[PDB]
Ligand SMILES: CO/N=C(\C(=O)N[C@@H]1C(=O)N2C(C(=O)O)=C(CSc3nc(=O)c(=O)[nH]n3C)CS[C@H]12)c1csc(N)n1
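Take a look at this single chain in structure tokens; it is the form solved without this ligand.
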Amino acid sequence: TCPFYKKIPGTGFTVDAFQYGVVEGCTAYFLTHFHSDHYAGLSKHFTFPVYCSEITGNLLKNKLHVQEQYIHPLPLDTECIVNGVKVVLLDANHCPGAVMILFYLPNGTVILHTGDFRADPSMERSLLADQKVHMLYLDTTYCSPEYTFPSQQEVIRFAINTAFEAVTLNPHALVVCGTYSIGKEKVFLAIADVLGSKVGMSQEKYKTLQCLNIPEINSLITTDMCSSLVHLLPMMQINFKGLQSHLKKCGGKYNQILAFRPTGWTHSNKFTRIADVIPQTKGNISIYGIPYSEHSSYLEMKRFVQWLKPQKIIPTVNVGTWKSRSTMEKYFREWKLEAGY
């Protein structure tokens, strides 16, 4: 059944709860972002109101074929009424179109649901600074102090310089970037841009990127692989076998591949800086794992929660085992005591 942590008390609202059949009493289904764990169950046959950002709305229409009448896009940073309840959507700093949702309850409670987020100090000067938040429904993906990672800016810097050097040493070297969902477009766009190429991809992925209101996008991407030296591939196909495979297809136009696997956290974060990264090599093919996260580090999450001073925190991630639940509850208490709320 739909779990309590997907239900908004005092409303008929649910968040990211599309795979339980009909949910009894739900009058509006909110969708935080277009990632399959969150949208799972949506299709052309859904006939209930979906509320989401304009970008997520494009993806529901064009990729899932949900019928326009059931898609209710809302502007960000704007007080809106939904079945008689004041709500605001805010940028979640996750993937394109991803939002947090502020619910203002008739009883006077204020609830923030973060969807998936990477906390940032910039959020401390959004509409959140304006009033008190009583309940936080929190993206707890990396809620443990071993989870450090560098800034997005540091990670893009590294990838830019790595690829530029490699291609300038060898003009017949091809760059490949893995993907399996939206998000992390900056990796392949910033590399494409330093190399004066467009990025080349399948027609399915091109369609996906054309929904995202990215400015000047027609100048940045293409479906003509031949014209491009930055290729996007399914993340599955980023390994030496599927790379060699792919290298055959380019027909002697390239003799080397330099490939990137944008990972979340991996255990070399606990010993190795971004400056000191190395790839896995097999001949003319190299693979860099780079830790580009679109989720909060443990410290970023800690700071956001200590700024917000919520009265109750309900985790939405890693809730499936008693050990995780108990560990999280400990950090929540530490934070509270350190900060005096």
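From 1 onward, residues are counted along the sequence shown. So that the term is clear: the rigid core is the largest set of C-alpha atoms that superpose within 1.5 Å between two forms.
RMS Cα deviation from the shown model in 9 other deposited structures of this protein, rigid core fit, is larger for 210-218 than for the other stretch of the pair 93-101 / 210-218.
Mean C-alpha B-factor is higher over 6-14 than over the other stretch, the pair under comparison being 317-325 and 6-14. In this crystal structure, the stretch out of 147-155 and 259-267 whose C-alpha atoms carry the higher mean B factor is 259-267.
For the set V199, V99, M235, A163, the maximum C-alpha B-factor listed in the entry falls on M235.
Within the selection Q311, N58, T32, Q280, the deposited Cα B-factor values reach their highest point at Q280. In the PDB entry, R118 places in the lowest third of its chain by CA B-factor.
In the PDB entry, a CA B factor belonging to the lowest third of its chain's modelled residues is recorded for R303. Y180: CA B factor lies in the highest third for its chain, per the PDB record.
Ranked against the other modelled residues of its chain, the C-alpha B-factor of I290 as given in the entry falls in the middle third.
When the modelled residues of the chain are ordered by their C-alpha B factor, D224 lands in the highest third.
Beyond the structure shown, there is the form solved in complex with this ligand, which is absent from this document and is the topic of what follows.
Using a 2.4 Å cut-off against backbone and C-beta atoms, this ligand, superposed onto this form from its pose in the bound PDB entry, places no atom that close, and the site is open.
This ligand in the bound PDB entry comes within 4.5 Å of no heavy atom belonging to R273.
Using a 4.5 Å cutoff between non-hydrogen atoms, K282 counts as a contact of this ligand in the bound PDB entry. Although the partner is absent here, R261 is a contact residue: one of its heavy atoms lies within 4.5 angstroms of this ligand in the bound PDB entry.
The closest heavy atom approach of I287 to this ligand in the bound PDB entry falls within 4.5 Å. Site annotation in the bound PDB entry: the residue of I191, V87, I238, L232 reaching within 4.5 Å of this ligand with a heavy atom is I238. Note that among 238-246, 67-75, 223-231, 152-160, the stretch whose heavy atoms approach this ligand to within 4.5 Å in the bound PDB entry is 238-246.
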